[PDB]
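Shown here is one chain on its own, the form deposited in one PDB entry, set out as structure tokens.
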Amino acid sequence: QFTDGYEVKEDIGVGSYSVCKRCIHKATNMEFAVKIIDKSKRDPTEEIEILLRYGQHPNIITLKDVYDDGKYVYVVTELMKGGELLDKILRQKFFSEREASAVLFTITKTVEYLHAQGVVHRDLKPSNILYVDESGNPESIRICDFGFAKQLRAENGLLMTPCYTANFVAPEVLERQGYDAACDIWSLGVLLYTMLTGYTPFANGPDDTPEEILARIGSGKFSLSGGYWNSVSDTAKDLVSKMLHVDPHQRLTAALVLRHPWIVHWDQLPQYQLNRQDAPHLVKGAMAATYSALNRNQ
């Protein structure tokens, strides 16, 4: 009985595992998104649990309804109408470090909360951070698509947070949770770098080979000086270097990013425009190439 309350409209996004469509609440004429998941192909219980427990967060996509007809699950959420966050920011010619810091603060505050509750996102690419409307304010930011996110839990299925470790979680579930959390922050590093300069740290466009992108990621070195960098803060370059650190053990935590002086002293940052490349569509293909390179063993 999804269709008794909602009218289905057009596809927002399709793949081999789930389909996303716009829908209308028949009673109110309010627009929503529905993610329809094939239960035979994939088990959405973890995703739905995560959105129920944590989607009241102001910057996590909010769940509005769930239906299951045995075969499909239908996950109804608020419809993002402001587009992808990085794409809109790359198309604003007068964007400033002060605005970029407010944006990273709002997103990293949300990830700090999720990590502190034992959730890792595991797919935190720019294309999953959207604006819900066009107000342009950090309040309208939403982290989306929790379809690869995992709740930390014990061998006997008990939910755990990383503060209470007095119940047996296997060390290989624990170690992989520390890797997965550090990859959440590395992705916010890839987001910051691109917002500050208008290009991606490890890929120049969609036709970069996966091997040369992974070779750059393994080098643990990237430019933080040059045309688009020369006028940017040292404190911003520091943050970026420490978010993109090649060893996850030395990479910053969300907690440590929020204590960084580039986030803490936002009022000491430039309000004038950054100096950036203007190629948002090329960055979309470079971003897709990068995550394609990393996820090839998925």
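Start at 1 and count along the sequence shown; that's the residue number.
Same protein, other form: the form solved in complex with a small molecule, not shown, and the subject of what follows.
No member of the trio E112, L188 and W229 reaches the small molecule in the entry with it bound with any non-hydrogen atom inside 4.5 Å. When the small molecule is considered in the entry with it bound, only one residue from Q151, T194, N204, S127 comes within 4.5 Å through any heavy atom, namely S127. Of the listed positions (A288, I24, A279, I12), a single one reaches within 4.5 angstroms of the small molecule by any non-hydrogen atom in the entry with it bound, namely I12. Considering the small molecule in the entry with it bound, the lone stretch of 52-60, 252-260, 33-41, 234-242 in range is 33-41 [heavy atom distance within 4.5 Å]. Proximity of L274 to the small molecule in the entry with it bound: non-hydrogen atoms within 4.5 Å are absent; the residue sits far from the partner. Though the partner is left out of this view, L90 does not reach within 4.5 Å of the small molecule in the entry with it bound, counting heavy atoms only. In the entry with it bound, no heavy atom of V103 sits within 4.5 Å of the small molecule. The shortest heavy atom separation between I213 and the small molecule in the entry with it bound exceeds 4.5 Å.
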